[PDB]
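Have a look at the structure below, then the notes.
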Amino acid sequence: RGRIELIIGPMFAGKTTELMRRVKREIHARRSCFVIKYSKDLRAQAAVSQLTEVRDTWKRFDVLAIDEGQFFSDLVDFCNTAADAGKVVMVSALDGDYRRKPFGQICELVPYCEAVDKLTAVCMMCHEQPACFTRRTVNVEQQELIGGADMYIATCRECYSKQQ
Amino acid sequence: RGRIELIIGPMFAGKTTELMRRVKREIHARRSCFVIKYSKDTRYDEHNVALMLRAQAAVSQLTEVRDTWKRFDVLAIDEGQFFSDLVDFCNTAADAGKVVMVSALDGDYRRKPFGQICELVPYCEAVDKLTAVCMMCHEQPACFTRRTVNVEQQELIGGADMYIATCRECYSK
Amino acid sequence: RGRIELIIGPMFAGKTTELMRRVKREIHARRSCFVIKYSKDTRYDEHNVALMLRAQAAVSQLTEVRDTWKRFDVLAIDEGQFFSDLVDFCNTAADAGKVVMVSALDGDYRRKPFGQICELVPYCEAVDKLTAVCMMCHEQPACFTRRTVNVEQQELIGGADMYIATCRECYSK
Amino acid sequence: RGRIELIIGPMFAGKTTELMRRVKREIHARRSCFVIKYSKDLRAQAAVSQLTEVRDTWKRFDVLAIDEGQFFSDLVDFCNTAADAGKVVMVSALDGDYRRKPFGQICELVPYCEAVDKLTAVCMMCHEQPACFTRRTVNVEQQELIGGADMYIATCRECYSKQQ
Ligand SMILES: Cc1cn([C@H]2C[C@H](O)[C@@H](COP(=O)(O)OP(=O)(O)OP(=O)(O)OP(=O)(O)OP(=O)(O)OC[C@H]3O[C@@H](n4cnc5c(N)ncnc54)[C@H](O)[C@@H]3O)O2)c(=O)[nH]c1=O
Ligand SMILES: Cc1cn([C@H]2C[C@H](O)[C@@H](COP(=O)(O)OP(=O)(O)OP(=O)(O)OP(=O)(O)OP(=O)(O)OC[C@H]3O[C@@H](n4cnc5c(N)ncnc54)[C@H](O)[C@@H]3O)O2)c(=O)[nH]c1=O
Ligand SMILES: Cc1cn([C@H]2C[C@H](O)[C@@H](COP(=O)(O)OP(=O)(O)OP(=O)(O)OP(=O)(O)OP(=O)(O)OC[C@H]3O[C@@H](n4cnc5c(N)ncnc54)[C@H](O)[C@@H]3O)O2)c(=O)[nH]c1=O
Ligand SMILES: Cc1cn([C@H]2C[C@H](O)[C@@H](COP(=O)(O)OP(=O)(O)OP(=O)(O)OP(=O)(O)OP(=O)(O)OC[C@H]3O[C@@H](n4cnc5c(N)ncnc54)[C@H](O)[C@@H]3O)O2)c(=O)[nH]c1=O
Ligand SMILES: [Zn+2]
Ligand SMILES: [Zn+2]
Ligand SMILES: [Zn+2]
Ligand SMILES: [Zn+2]
């Protein structure tokens with residue numbers, strides 16, 4: 003029946019690719035899938066900034082796939098409500114922000130998950146080690162800052178701490 | 003090389019057994035291990051009977071161990087949910103090159119974050135969530151712990167007399 | 003450092019997608035990747051439309071690639087069950103320091119070992135078996151592939167017209 | 003219902019400990035377990066050299082746990098027969114012998130398994146790397162040779178190939 007599965011890791015770890023692998027796998031067995039994306043960064062897709070913007074539309078689907086779950090403030094209630102109604106809920110997210118603080122409600126969701134898979138990146142500094150962290154490479158304080166390789170890199174533990 | 007590995011799941015999932023599997027594996031390669039346990043959980047000792059590269063300590067605060075961890079290659083912290091200084095302690099060790107391994111419940115009986123376990127996740131190179139077998143329906147994996155006695159507080163020491171592991175359907179029933 | 007990683011499972015499990023996730027991850031760290039595909043499986047190309059550190063080759067024997075693999079950090083072999091020289095090729099590369107990653111069916115439609123996949127297992131640093139969703143009962147994970155047309159031979163190219171992924175109960179029914 | 007789960011890896015990887023963790027987990031949910039061991043190296062234990070020596074006794078148990086599965090010549094038929102009758106079958110074994118050849122029927126079982134978990138040891142030569150292989154440290158040819166750390170060590174790939 004219902005469950006919540008979490009796919010976490012740093013940036014550049016292919017978390018969305020693993021989410022969509024799980025989605026495609028379900029589509030092959032003719033189960034219907036609703037993919038929800040973050041608007042500011059047998060298949061339907063929606064882009065929103067709050068999960069309430071989707072209303073009741075999720076009820077018609079067997080599987081819900083939430084991408085970049087760190088940005089949704091109502092994630093926990095939304096996922097449990099769906100999983101309680103028998104949906105397979107899958108979330109892709111960063112567990113940590115650039116300071117390794119809990120990003121959004123991701124760490125809060127952990128106790129509700131039937132499964133949690135932490136994916137690694139490859140360290141983009143030493144090229145020699147798995148990366149579990151994200152370092153911000155530009156001097157901006159704010160937690161939410163949208164960007165890719167131009168402003169963030171994945172790092173191992175030794176390279177995260179190099180300099181500051 | 004320094005790292006933190008987290009072993010989580012509900013009660014009855016064999017988390018300590020997995021922690022000690024990782025410890026025995028390191029001992030075979032002659033790396034030294036420091037096992038730290040929570041002194042107030044006395045179930046094992048009060049109803050059960052008694057290596058060269060292994061040390062064991064039982065404490066209620068991780069500061070009670072001071073610097074002794076520095077002499078060991080590997081630190082293995084059991085029932086990590088009960089230690090308030092877990093995050094700072096694990097990072098300080100991992101940054102000094104220790105392999106830190108923690109066994110803990112991620113969730114309490116209400117599925118609220120237990121201690122600093124959920125806070126540690128962003129610091130971990132690895133996170134393995136283990137399942138139990140649901141002790142109500144017997145036919146589903148269990149990811150949650152239900153408290154079977156009517157006590158509100160979060161810390162309450164006990165085993166199968168006071169808790170059972172459950173699937174999602176049986177947690178809410 | 004050299005290694006072999008094996009990605010197995012039944013059909014419809016997204017094995018190639020996981021292989022390419024591992025490839026894209028390496029490309030982000032500017033390590034170069036050589037993707038090798040089986041030339042006779044033309045399903046993707048015959049019904050579908052068309057990076058700097060990536061190369062792709064389509065062959066029926068791994069010798070058709072000669073030495074070209076030596077210039078790459080990572081080798082990604084897709085549908086490995088069809089290559090007869092897989093074991094020797096993967097070890098030679100891994101021993102020369104390549105990260106070798108193979109996606110393959112471990113079992114054919116009779117659950118017999120497909121090609122040299124089962125033979126490779128003892129050489130692998132890692133083995134991940136992926137599940138599909140059972141295409142018969144829709145409510146169980148699938149670990150097997152059933153052939154839905156009456157053909158005996160082992161190699162028979164096709165997709166969902168000719169095969170479905172099944173749980174254990176639905177494989178035998 | 004029925005399934006076959008395989009726990010493989012080199013020596014010194016704690017494979018039997020992971021097998022027994024799965025057994026203990028089942029016992030907590032009052033499911034009954036039959037542990038079968040290799041005689042030459059809610060719970061019952063048997064030590065045998067052939068799985069036929071157990072006859073029909075396995076039928077009374079919910080869960081079967083076969084240790085050192087590499088030594089049983091009838092493993093595949095035995096596991097499928099049980100899993101087909103609705104047993105949870107769990108096997109702990111070496112997938113490779115000291116030359117990295119398939120040990121017994123372990124590699125043959127893979128296509129029948131719902132799950133396969135390969136555990137690592139820590140390399141007992143360089144102490145610095147995970148070990149996936151077993152090296153024999155005494156000059157004996159024969160495949161079956163019972164022993165522990167006195168005659169075998171776990172190694173990474175680089176240390177397996179050191180010298181010969
Ligand atoms: C550290 C930090 C980050 N962020 C911001 C910066 C970023 O804008 C975003 C990353 O958040 P995420 O890591 O959850 O987002 P994803 O991009 O989903 O993470 P991935 O691991 O998926 O990224 P990769 O770079 O590995 O993805 P890759 O596959 O290499 O890149 C292709 C791009 O296309 C998308 N994509 C990939 N496969 C797709 C598919 N099958 N269908 C649809 N879209 C797909 C991906 O989302 C990615 O952006 O959040 C902050 O605001 N604060 C912070 O402190
Ligand atoms: C849900 C909830 C629980 N609790 C309390 C209740 C308990 O006092 C404690 C459990 O915390 P845990 O689940 O982190 O503790 P463990 O017992 O470590 O978890 P396990 O997953 O290991 O438990 P099992 O019951 O599966 O362990 P098992 O092997 O069955 O039992 C034997 C006991 O012996 C120890 N043990 C087992 N194998 C061992 C080995 N190889 N070496 C040394 N010791 C070993 C284990 O610690 C276990 O408690 O926390 C709360 O206070 N509030 C709550 O909301
Ligand atoms: C059981 C059996 C099968 N076969 C034959 C039938 C087939 O011809 C082939 C399947 O062999 P595979 O299962 O190893 O082949 P894949 O297609 O590689 O397995 P997947 O698990 O990847 O299949 P999916 O169906 O889940 O893949 P999907 O994503 O759904 O489909 C899209 C196709 O595009 C490719 N693709 C998917 N993502 C891609 C990406 N990111 N980049 C490049 N290519 C990508 C994939 O190869 C897939 O075939 O072998 C036999 O000959 N005998 C037998 O007994
Ligand atoms: C490479 C090679 C090996 N062998 C032989 C040599 C050996 O005699 C045997 C190892 O075969 P295995 O690796 O399947 O056997 P296990 O010992 O089951 O492997 P483990 O990974 O479990 O061993 P470890 O050394 O990590 O186990 P450890 O936990 O450190 O050691 C304690 C011992 O007690 C047993 N044990 C451990 N936990 C137990 C529990 N909970 N209940 C009962 N017994 C338990 C274990 O089997 C081990 O022998 O096979 C060959 O004949 N030919 C070869 O080419
Ligand atoms: Zn690095
Ligand atoms: Zn249940
Ligand atoms: Zn089915
Ligand atoms: Zn080594």
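Protein chains in written order, with the deposited numbering: chain B, 3 to 43, 59 to 181; chain A, 3 to 52, 57 to 179; chain A', 3 to 52, 57 to 179; chain B', 3 to 43, 59 to 181. A prime marks a further copy of an entry chain.
C-beta: ideal position from N, C-alpha, C; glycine also.
Check                                                                                                                        : Outcome
Chain-ordered residues of the segment 124-136 of chain B with a beta carbon less than 8 Å from chain A                       : 124, 125, 127, 128, 129, 130, 131, 132, 133 and 135
Environment of residue 115 of chain B [buried if 16+ CB atoms lie within 10 Å]                                               : buried
Check whether residue 4 of chain A and residue 102 of chain A have beta carbons under 8 Å apart                              : yes
Cβ separation of residue 92 of chain B and residue 12 of chain B, assumed to be a contact under 8 Å, to the nearest whole Å  : That pair is no contact at about 19 Å.
Minimum length 3: unbroken beta strand (DSSP E) runs contained in the segment 88-140 of chain B'                             : 105-109 and 132-135
Contact with chain B' by residue 16 of chain A', beta-carbon distance below 8 Å                                              : no
Heavy atom of ligand 7 within 7 Å of residue 142 of chain A' beta-carbon                                                     : yes
Under the three-state DSSP convention, the category residue 173 of chain B falls into                                        : coil
Contact the segment 58-65 of chain A' vs the segment 22-41 of chain A': 3+ CB pairs below 8 Å                                : yes
beta-carbon residue 177 of chain B' near ligand 4 non-hydrogen atom, thresh 7 Å                                              : no
Interface positions of the segment 10-41 of chain A' facing chain B (Cβ-Cβ less than 7 Å), listed along the chain            : 14, 15, 16, 19, 20, 23, 26, 27, 28, 30, 31, 32 and 33
Ligand 3 heavy atom lying under 7 Å from the CB of residue 29 of chain A'                                                    : no
Residue 97 of chain A' versus residue 144 of chain B': straight-line alpha-carbon distance, rounded                          : 23 Å
Exposed unless 16 or more other CB atoms sit within 10 angstroms - verdict on residue 51 of chain A'                         : exposed
Cβ shell of residue 42 of chain A (< 6 Å), same chain only, five flanking positions each side left out                       : 66
Exposed unless 16 or more other CB atoms sit within 10 angstroms - verdict on residue 171 of chain B                         : buried
Cβ neighbours of residue 7 of chain A in the same chain (closer than 8 Å, five flanking residues each side left out)         : 24, 105, 106, 107, 108, 130, 131, 132, 133 and 134
Residue 155 of chain B, buried or exposed, once every other Cβ within 10 Å from all chains shown has been counted against 16 : exposed
Distance cut-off 7 Å: residue 69 of chain A Cβ against heavy atoms of ligand 4                                               : no
Among A':113, A':99, A':100 and A':79, nearest to residue 87 of chain A' - alpha-carbon criterion                            : A':113
Nearest-angstrom Cα separation, counted from residue 38 of chain A out to residue 89 of chain A'                             : 50 Å
Distance, residue 121 of chain B' Cα to residue 74 of chain B' Cα                                                            : 24 Å
Residue 128 of chain B' vs residue 117 of chain A' beta-carbon contact at 8 Å                                                : yes
Residue 70 of chain A beta carbon less than 8 Å from that of residue 40 of chain A                                           : no
Cβ pair residue 136 of chain A, residue 15 of chain A closer than 8 Å                                                        : yes
Between the CA atoms of residue 20 of chain A and residue 21 of chain B' - distance to the nearest angstrom                  : 11 Å
Chain B contact residues for residue 100 of chain A, given Cβ-Cβ distances below 7 Å                                         : 174
Identified DSSP bridge partners for residue 37 of chain A'                                                                   : A':62 and A':82
Rounded C-alpha distance that separates residue 126 of chain B from residue 138 of chain A'                                  : 25 Å
Cβ of residue 72 of chain A within 8 Å of any chain B Cβ                                                                     : no
Neighbour flag for residue 108 of chain B against chain A', beta carbons, 8 Å                                                : no
Candidates B':165, B':173 and B':166, of which the one nearest residue 149 of chain B' by Cα                                 : B':173
Buried or exposed by the 16-neighbour rule on C-beta atoms within 10 Å, applied to residue 28 of chain A'                    : buried
Below-8 Å beta-carbon distance, residue 79 of chain A vs any chain B residue                                                 : no
beta-carbon residue 173 of chain A near ligand 5 non-hydrogen atom, thresh 7 Å                                               : no
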